[PDB]
Amino acid sequence: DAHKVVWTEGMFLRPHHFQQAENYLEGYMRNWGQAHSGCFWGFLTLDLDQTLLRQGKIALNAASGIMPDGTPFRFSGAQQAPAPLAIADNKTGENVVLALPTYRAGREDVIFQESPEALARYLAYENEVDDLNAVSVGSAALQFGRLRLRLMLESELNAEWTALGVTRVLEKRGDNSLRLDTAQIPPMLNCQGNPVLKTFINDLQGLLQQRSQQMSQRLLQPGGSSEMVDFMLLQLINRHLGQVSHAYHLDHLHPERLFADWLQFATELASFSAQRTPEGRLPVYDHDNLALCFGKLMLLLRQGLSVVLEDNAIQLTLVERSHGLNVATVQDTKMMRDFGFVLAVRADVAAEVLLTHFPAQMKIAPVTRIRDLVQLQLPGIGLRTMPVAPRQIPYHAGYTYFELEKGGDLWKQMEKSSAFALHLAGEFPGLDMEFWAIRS
Amino acid sequence: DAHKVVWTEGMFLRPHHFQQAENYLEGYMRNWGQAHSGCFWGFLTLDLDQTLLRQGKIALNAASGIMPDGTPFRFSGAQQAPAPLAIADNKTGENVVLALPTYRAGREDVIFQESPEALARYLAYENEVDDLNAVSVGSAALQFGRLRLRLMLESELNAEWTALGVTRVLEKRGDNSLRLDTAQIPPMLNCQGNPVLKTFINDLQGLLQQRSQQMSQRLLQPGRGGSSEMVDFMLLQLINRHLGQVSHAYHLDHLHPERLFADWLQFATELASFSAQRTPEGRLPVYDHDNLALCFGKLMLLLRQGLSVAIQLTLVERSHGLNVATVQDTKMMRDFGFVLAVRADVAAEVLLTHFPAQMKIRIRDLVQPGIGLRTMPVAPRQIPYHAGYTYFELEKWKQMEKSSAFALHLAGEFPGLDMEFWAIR
Amino acid sequence: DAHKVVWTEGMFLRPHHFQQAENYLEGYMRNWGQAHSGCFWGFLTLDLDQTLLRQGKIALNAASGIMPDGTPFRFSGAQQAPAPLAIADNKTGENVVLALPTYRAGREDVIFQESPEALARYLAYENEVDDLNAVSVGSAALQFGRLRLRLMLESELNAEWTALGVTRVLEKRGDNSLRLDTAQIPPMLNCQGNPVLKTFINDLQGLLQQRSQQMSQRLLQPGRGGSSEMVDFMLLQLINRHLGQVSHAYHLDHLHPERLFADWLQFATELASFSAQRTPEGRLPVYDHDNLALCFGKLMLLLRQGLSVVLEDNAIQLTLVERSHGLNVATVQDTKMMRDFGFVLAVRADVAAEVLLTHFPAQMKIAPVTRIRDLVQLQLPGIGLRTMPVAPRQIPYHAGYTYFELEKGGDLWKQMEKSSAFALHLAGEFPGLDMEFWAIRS
């Protein structure tokens with residue numbers, strides 16, 4: 001905590017005065033900045049040297065940003081950059097970072113001669129500079145500070161540094177070339193300065209233009225609920241056409257802002273999943289692991305933008321034919337395989353009667369075999385008693401639920417069929433049945 | 001790129017030291033600010049002086065903002081104000097700007113006598129100031145730096161300046177005065193700072209309030225319904241969301257135009273769902289901080305389109321039993337339906353049975369039956385509320401798609417009669 | 001008007017140069033900062049000393065933020081905090097502020113001797129500091145400046161001060177202790193610096209999780225396919241968007257209140273679509289940085305009205321937060337809650353009814369977090385669960401669920417009463433389990 005210097009008349013100026021006055025004005029600006037920005041550290045720009053990478057070292061041609069302690073930085077050129085960092089010929093799967101010593105008054109801040117692991121924040125160097133006034137006398141030689149930025153392994157870090165993550169090496173091959181994890185993303189203050197973020201945006205805009213035009217075309221060429229639900233999705237997509245177009249053209253865009261919009265998009269999208277609500281832990285923004293959090297977020301977005309809008313459960317209509325014989329037509333070809341089936345049954349007999357006699361007297365089969373089953377006296381599809389109404393169908397007190405058992409040669413003919421045939425022998429007083437299909 | 005000045009135990013102090021240290025601090029600030037603000041330059045405030053515009057002279061009474069290079073500034077009054085720019089009868093169609101020289105190390109940016117060709121950033125000047133301490137000896141004359149802010153033509157600009165658009169003269173008239181394109185918008189850091197942006201916000205608010213009351217009123221009342229009904233409720237939700245958004249924008253003391261633009265853009269593109277395309281068509285507007293009039297101009301037109309939406313024809317008397325229903329367009333006659341609002345001092349039951357028969361709509365041929373008239377259980381909500389009336393829909397034939405007016409002729413008496421005739425599309 | 005200083009060659013140096021130079025630089029940064037932040041003043045952190053509340057004193061342990069005039073500040077410890085403010089016997093319902101005098105060139109800005117009624121911004125003090133270089137000779141003694149922050153009454157303010165609101169004194173008890181209006185919210189720069197804002201977020205999230213769970217389950221079942229089902233689906237959609245929005249808010253380490261308000265206002269005005277009025281009626285709530293309790297208060301109301309499925313506050317749902325396998329934790333939001341409310345578990349599972357009625361009440365052990373685990377290994381009982389033959393009229397009744405009231409009484413109940421959360425562990429043989437935990441006012 002750096003305080004403001006008092007300057008009195010008759011005061012003898014010492015280097016400390018300026019040193020402390022700099023400390024204070026820096027804290028002043030840092031306090032102002034940190035009070036109004038929540039993820040204030042990371043890279044505005046970062047250019048890693050790809051050629052140097054063949055020689056088993058990580059170099060930075062240029063970079064700019066803010067360190068975790070609030071220190072701003074910017075360097076362009078090998079003379080200005082941190083020492084390249086060589087990688088062991090055995091170490092593997094290590095995170096590399098760009099670190100800087102934390103300020104401390106209990107230790108020297110500026111040094112004039114480099115040192116292995118010295119914690120000074122600056123290195124002194126000399127440079128001639130012009131006076132700035134029109135009237136002047138010549139130039140002057142000053143000493144300046146050079147932030148002691150440093151590339152090192154994450155494992156080498158300790159409480160005396162602040163670091164932005166830069167990359168991760170996965171392999172030092174035989175020929176000394178470095179295999180980087182091109183997926184790890186650094187802390188970024190601007191999505192525009194990282195290529196992965198940029199194509200997250202670019203990719204999403206493409207998904208949205210694509211499904212936007214698929215839908216608008218079909219809604220333009222059919223009035224059911226199915227149509228309304230689709231219009232609702234198109235509406236949600238259309239909102240995010242504008243949003244992501246703005247993100248696509250913006251010169252500066254903090255990733256947190258982008259992530260907030262897209263997380264809302266993803267949870268609203270889950271409305272159209274079969275579950276109707278987000279499932280499991282939501283992605284949480286992590287400014288120092290953007291790759292993990294935008295990765296999960298992008299998966300949800302892609303699932304959501306690829307979902308086919310579909311019913312999870314529907315009631316089939318029993319249509320009466322000959323005495324005791326009902327037929328329920330399946331919607332389409334694929335329903336037989338994508339669904340399970342439950343027969344709900346109410347009757348004014350004891351449950352003991354229902355459970356023993358009803359399955360025995362009901363024969364379910366594809367229409368093509370029901371006559372054979374009755375004429376030859378063979379069972380149909382099996383019925384399994386469910387303990388309680390499933391959750392996808394409405395509870396009706398008094399009803400007993402039976403699940404149709406799949407598998408076997410009879411069920412295989414059912415999968416080729418378009419209608420169930422339910423032929424019941426005898427009678428049950430007050431009998432009522434519902435026939436339900438539930439997605440698997 | 002300015003670096004930290006190192007101060008050492010015996011050092012001999014040169015103005016260079018202070019000068020360089022100020023640069024390093026200013027650039028430390030600039031670097032923090034620019035790391036976290038995308039469109040960081042523009043005006044917070046701008047008060048051009050009309051009084052000087054009868055004189056062919058663009059002058060600012062006051063301004064505050066940040067230059068495109070990051071330089072903060074603020075001034076008010078004749079003294080601190082940059083020189084007014086007097087303009088030529090030559091000039092028509094050009095932007096005026098407020099500019100500052102860039103800073104390069106290879107030239108002075110303090111000068112002590114003014115000279116238009118100098119690229120110096122500050123003009124030095126004299127002022128005496130008191131000590132801030134309570135243990136003081138007295139005041140002291142110092143030299144301060146005045147920011148050399150230029151009012152110049154955009155054509156005059158070159159790589160050795162940065163500038164902010166201030167306006168753009170379209171006409172230097174014969175009356176030694178100019179007409180300004182009041183539709184041009186400076187780069188703004190706060191929407192409340194510029195009147196065009198403010199009227200943008202106020203006008204979208206009023207229009208959303210209008211459509212909001214418009215749509216809710218219809219949905220509140222019973223009516224026939226139809227496929228549009230659910231769509232109308234969808235659009236009202238969307239409008240209801242933006243009533244809050246725009247109210248917040250309306251009340252904020254500080255709002256950056258980019259934030260406003262990003263919200264309105266998603267609005268416009270969701271809005272397109274309720275247009276015939278079902279999705280936006282063409283190329284979206286793109287936010288341009290230095291051309292706010294164009295981008296917002298486009299967006300605003302998208303919005304007015306999305307937020308845009310029954311007529312009573314006079315039953316003119318010509319005789320008893322016959323009134324003319326001159327439709328004012330033959331176009332009208334096949335896309336609109338037509339309804340008879342009818343009330344008579346007679347029993348409800350008979351007016352529902354007889355009146356459909358003694359009023360048919362070549363006609364006096366038929367008088368010596370007419371178009372089907374169907375009872376309308378619920379009145380359409382587009383017709384204004386009329387308690388106690390019975391509504392009749394004229395059955396949709398084809399003699400009158402080619403004619404131009406209806407002829408109603410009713411058989412005799414239903415005392416105290418009243419009648420309205422409406423067309424709905 | 002803090003202009004730049006011209007350092008010429010051969011200039012004679014005086015204190016004034018450095019003084020005006022710090023003015024100029026401070027003004028540079030302040031203009032930068034203020035140009036890009038509305039509502040830039042307030043607290044990031046605020047720690048009131050409760051122990052001193054008991055002597056008629058308002059004292060700040062620590063605080064940080066920005067004053068309305070642009071001045072950042074940070075302090076900690078009684079050595080640096082402002083002098084505590086004694087509240088007189090008669091003040092009641094008065095606002096206490098943190099204040100600082102405004103900079104004026106016509107007045108001295110540094111004083112060396114504390115005095116009352118002096119509008120100086122700084123108080124000079126002596127300290128000694130090492131050289132930051134290694135070419136160092138040794139430490140040097142300097143005079144630093146310390147911000148003259150001060151706690152005072154809102155009524156004692158004038159234009160020579162800016163101030164941030166800290167709290168309101170409602171009553172000075174007989175024993176000279178003070179009771180504060182805990183509902184008032186200081187101007188805040190981070191929602192996470194204030195407990196009341198944090199619980200707004202946490203409450204809204206739990207409501208959205210509750211309505212989301214319930215509505216989705218109803219929409220899973222096929223309905224009539226009419227407009228009423230579409231309305232429901234439209235609302236779950238609106239709830240689902242804000243599940244994500246509030247999750248982000250809940251997890252952000254730093255979030256300015258104005259940003260949160262703008263989102264919630266839009267949420268509210270779109271929710272009015274589902275009200276009888278179909279559109280907002282009356283004056284909309286307006287963000288007020290210096291009265292967040294008021295403006296958020298109105299917003300929270302609208303959102304509770306639009307989302308509640310019970311009458312006023314006859315009942316409150318508790319979120320069962322899963323924290324292990326079979327273990328859930330229902331935090332209660334009050335210490336009074338456990339003496340004024342009944343407690344019910346709405347349960348449904350894919351087991352046989354006779355199994356659910358017998359096994360559930362035995363296999364679900366309910367107790368306080370501290371006292372849970374032993375019971376499981378100790379195989380002792382927990383709070384009893386009584387089947388309810390009619391479901392409460394105060395909470396929604398899902399046909400097909402069974403409702404168990406918690407048996408009150410015993411000694412175990414007392415431990416709960418003084419606890420702040422239920423712990424529930426269940427011997428898990430229950431496919432399809434869905435539960436709701438409700439508290440019902442008596």
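Side chains included, hydrogens not; waters and symmetry mates left out as well; all remaining heavy atoms used. First the proteins, then the strands, lettered A, B, ... as listed; each starts at 1.
- At a 4.5 Å heavy-atom cutoff, B/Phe40 makes no contact with chain A through either its backbone or its side chain.
- The aromatic ring centroids of A/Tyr122 and B/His3 lie 6.0 Å or more from each other.
- Using a 4.5 Å cut-off between heavy atoms, A/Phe43 makes no contact with chain B at all.
- In this structure, chain B has heavy atoms under 4.5 Å from both the backbone and the side chain of A/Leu25.
- Contact count versus chain A (heavy atoms, under 4.5 Å) is highest, among B/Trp264, B/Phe261, B/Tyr287, B/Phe112, for B/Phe112.
- Within the 4.5 angstrom heavy-atom criterion, no atom of A/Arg121 approaches chain B.
- Comparing B/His17, B/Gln277, B/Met230, B/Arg107 by how many heavy-atom pairs each has under 4.5 Å with chain A, the most go to B/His17.
- Among residues two or more places apart in sequence or in another chain, the side-chain contact (heavy atoms from CB on, under 4.5 Å) test is passed with A/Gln80 by A/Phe75, A/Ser76.
- Taking the six-membered ring where the residue is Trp, B/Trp7 and A/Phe18 present parallel rings, their angle staying beneath 30° rather than reaching 60°.
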Next on the checklist: Test side-chain contact (heavy atoms from CB on, under 4.5 Å) on A/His240 and B/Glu270; report intermediate values, then the result.
Outcome noted: CA-CA 8 Å; A/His240 288 94; B/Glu270 205 175 330; over 6 Å; no
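- The part of A/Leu250 that comes within reach of chain B is its side chain, from C-beta onward, which places non-hydrogen atoms under 4.5 angstrom from that chain.
- Listed here is the closest heavy atom pair of B/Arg278 and A/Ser216: CB-CB, 4.0 Å.
- For a residue to count as touching a neighbouring chain, one of its non-hydrogen atoms must lie under 4.5 Å from one of that chain's; by this rule A/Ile237 does not touch chain B.
- Interface remark: A/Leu234 contributes backbone and side-chain atoms alike to the contact with chain B (heavy atom separation under 4.5 Å).
- The most heavy-atom pairs under 4.5 Å with chain B, out of A/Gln235, A/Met215, A/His249, come from A/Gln235.
- Between the side chains of A/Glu26 and B/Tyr24, at least one donor-acceptor pair of N or O atoms lies under 3.5 Å.
- Counting heavy-atom pairs closer than 4.5 Å to chain B, the top-ranked of the candidates A/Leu44, A/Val110, A/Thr71, A/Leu253 is A/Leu44.
- Interface check for chain A: of the options B/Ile111, B/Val5, B/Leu284, the most heavy-atom pairs under 4.5 Å are formed by B/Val5.
- Proximity to chain A is limited to the backbone of B/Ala276, based on heavy atoms less than 4.5 angstrom apart.
- Between chain B and the options A/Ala124, A/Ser139, A/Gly223, the largest number of non-hydrogen pairs under 4.5 Å is found for A/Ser139.
- In this structure, A/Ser212 and B/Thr279 approach most closely via the heavy-atom pair OG-OG1, 2.8 Å.
- Considering only heavy-atom pairs separated by less than 4.5 Å from chain B, the leading option among A/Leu220, A/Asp251, A/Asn190, A/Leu147 is A/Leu220.
- Across B/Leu13, B/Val231, B/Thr8, the residue that shares the most heavy-atom pairs under 4.5 angstrom with chain A is B/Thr8.
- At least one side-chain heavy atom of B/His36 sits under 4.5 Å from a side-chain heavy atom of A/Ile66.
- At least one cation-pi condition fails for B/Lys4 and A/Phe144: the charged atom is not both under 6.0 angstrom from the six-membered ring centre and inside a 45 degree cone around its axis.
- Only the side chain of A/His16 comes within contact range of chain B, judged by heavy atoms closer than 4.5 Å.
- Annotation: residues 127-136 of chain B contacts chain A through B/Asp131, B/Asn133 [non-hydrogen atoms, separation under 4.5 Å].
- The most heavy-atom pairs under 4.5 Å with chain A, out of B/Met11, B/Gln19, B/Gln34, B/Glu108, come from B/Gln19.
- For B/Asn23, the part lying under 4.5 angstrom from a heavy atom of chain A is the side chain only.
- For chain A, the option among B/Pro15, B/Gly33, B/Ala268, B/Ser37 with the highest count of heavy-atom pairs below 4.5 Å is B/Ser37.
- Taking every heavy atom of both residues into account, A/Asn238 and B/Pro280 meet most closely at OD1-CD, 3.6 Å.
- With a threshold of 4.5 angstrom between heavy atoms, A/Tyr248 does not approach chain B through any atom at all.
- Nearest heavy-atom pair across B/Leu265 and A/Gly242 is CD2-O, 3.1 Å.
- Taking 4.0 Å as the cut-off between side-chain N and carboxylate O, A/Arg257 and B/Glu258 count as a salt-bridged pair.
- Interface residue B/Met234: backbone and side-chain heavy atoms are both found under 4.5 Å from chain A.
- Heavy atoms of A/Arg14 lying under 4.5 Å from chain B belong exclusively to its side chain.
- Proximity to chain B is absent for every atom of A/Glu126, based on heavy atoms less than 4.5 angstrom apart.
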Next on the checklist: Using the rule given for ring pair (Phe, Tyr, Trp, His ring centres under 6.0 Å), can you reason through A/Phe231 versus B/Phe274, listing the C-alpha separation, both sets of side-chain angles and the distance that settles it, and then say yes or no?
Outcome noted: CA-CA 10 Å; A/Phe231 186 51; B/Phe274 309 96; 5.6 Å; yes
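- Residue B/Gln266 is tested with A/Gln243, A/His246, A/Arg239 for a side chain to side chain donor-acceptor pair (under 3.5 Å); the sole match is A/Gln243.
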Item to check | Audit row: B/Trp32, A/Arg30, side-chain contact (heavy atoms from CB on, under 4.5 Å) steps and yes/no | outcome: CA-CA 8 Å; B/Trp32 246 97; A/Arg30 209 185 312 147; 4.2 Å; yes
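- With values rounded to the nearest 0.5 angstrom, A/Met29 atom CE is found 10.0 Å from B/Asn31 atom CG.
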